[PDB]
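What follows is a single chain, given as structure tokens, in the form solved without the ligand.
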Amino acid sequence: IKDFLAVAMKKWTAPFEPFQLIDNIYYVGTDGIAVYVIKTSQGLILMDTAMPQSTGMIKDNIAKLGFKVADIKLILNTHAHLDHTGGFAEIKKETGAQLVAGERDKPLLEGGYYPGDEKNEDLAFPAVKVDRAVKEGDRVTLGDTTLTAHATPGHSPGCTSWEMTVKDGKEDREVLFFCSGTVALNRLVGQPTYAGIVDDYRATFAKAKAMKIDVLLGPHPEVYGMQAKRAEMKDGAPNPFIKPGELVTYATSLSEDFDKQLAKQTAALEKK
């Protein structure tokens, strides 16, 4: 946790210039937390926020593109940890937007706590009410734009990956805002962070490998190597964010890391 907090006041708060990523999806996060605006014909969708102390920064980034924070109608969450939820209560109150999140993450959101470590104030965030609790396959529509919820638990109990279609020239491309599949601070064994966590992770890796996704996105830019792609982006060159093999490759890496951490945490149960 100490190192988690160290990273959270370093790459996670460092600037990154907002940009149009593909079609109606805009990057407005930091160098280390990815946040998105999705422009629809009936207002904006905000996909996540960042650390609680970074809300003004995210609002400023939205402005740099000429979007209005006031025009946010829906706030969607990938998963309910403070580095993604820290601005929800504030932006919701300022805008009147509705918050949409995976049903099993509702208790987290509504209590502002880290599951299985509820007394840790360093992982707390301002509590926020969930307006629509989603399940696998639910469709969330604003104007011309529809995202589909995919239940991909593990990193959190209600982790939701959100799929949408965009255009690249005349052709459709499928985008996935992947929710996260890292072990990170979670306990897998002993006193697991929540019941059924291990089966959820391995179900999620399998699910992720079976999806047909052209553009992998996630809640940190390292999920999809954002910075290297942004540097390659040129008017009249293919959009570097289109890499259809990427979610299978990434979920394979996550599964291998999972196995290593499950084995480390299992070895650590043996009390010396």
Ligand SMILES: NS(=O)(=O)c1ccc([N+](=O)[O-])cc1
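Position 1 is the first residue in the sequence shown; the rest follow in order.
Undergrad: Give the stretch, out of 8-16 and 252-260, with the larger mean C-alpha temperature factor in the deposited entry.
TA: Comparing 8-16 with 252-260, the higher mean C-alpha B-factor belongs to 8-16.
Undergrad: If you average the CA temperature factors as listed in the entry, which stretch comes out higher, 35-43 or 210-218?
TA: Per the PDB entry, the higher value belongs to 210-218.
Undergrad: Take the CA temperature factors straight from the PDB entry and tell me which of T160, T182, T85, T141 peaks.
TA: Result of the comparison over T160, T182, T85, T141: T141.
Undergrad: Out of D199, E136, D71, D105, which one has a C-alpha B factor higher than all the others in the entry?
TA: That would be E136.
Undergrad: Ranked by Cα temperature factor within the chain, is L247 in the lowest third, the middle third or the highest third?
TA: Top third by C-alpha B-factor.
Undergrad: Would you mind ranking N239 by its C-alpha B-factor against the rest of the chain and naming the third, lowest, middle or highest?
TA: Lowest third.
Undergrad: Of the three thirds of its chain by CA temperature factor, lowest, middle or highest, which one includes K129?
TA: Middle third by C-alpha B-factor.
Undergrad: Quick check for you: using the entry's CA B-factors within this chain, is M233 in the lowest, middle or highest third?
TA: Ranked within chain, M233 CA B lands in the highest tercile.
Undergrad: Name the third of the chain's ranked CA B-factors that contains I58, choosing lowest, middle or highest.
TA: Tercile = middle for this residue's CA B-factor.
Omitted here: the form solved in complex with the ligand. The next part is about that form.
Undergrad: If contact means any heavy atom within 4.5 Å, which of 141-149, 181-189, 125-133, 100-108 contacts the ligand in the bound PDB entry?
TA: The contacting stretch here is 181-189.
Undergrad: Answer yes if any heavy atom of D83 is within 4.5 Å of a heavy atom of the ligand in the bound PDB entry; otherwise answer no.
TA: Looking in the bound PDB entry, residue contacts with the ligand include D83, since a heavy atom lies within 4.5 Å.
Undergrad: Evaluate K243 for contact with the ligand in the bound PDB entry, applying a 4.5 angstroms cut-off between non-hydrogen atoms, and reply yes or no.
TA: The answer is no: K243 has no heavy atom within 4.5 Å of the ligand.
Undergrad: Does at least one non-hydrogen atom of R230 fall within 4.5 angstroms of the ligand in the bound PDB entry?
TA: No, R230 stays farther than 4.5 Å from the ligand in the bound PDB entry.
Undergrad: Indicate whether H220 is a 4.5 Å heavy atom neighbour of the ligand in the bound PDB entry.
TA: The answer is yes: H220 has a heavy atom within 4.5 Å of the ligand.
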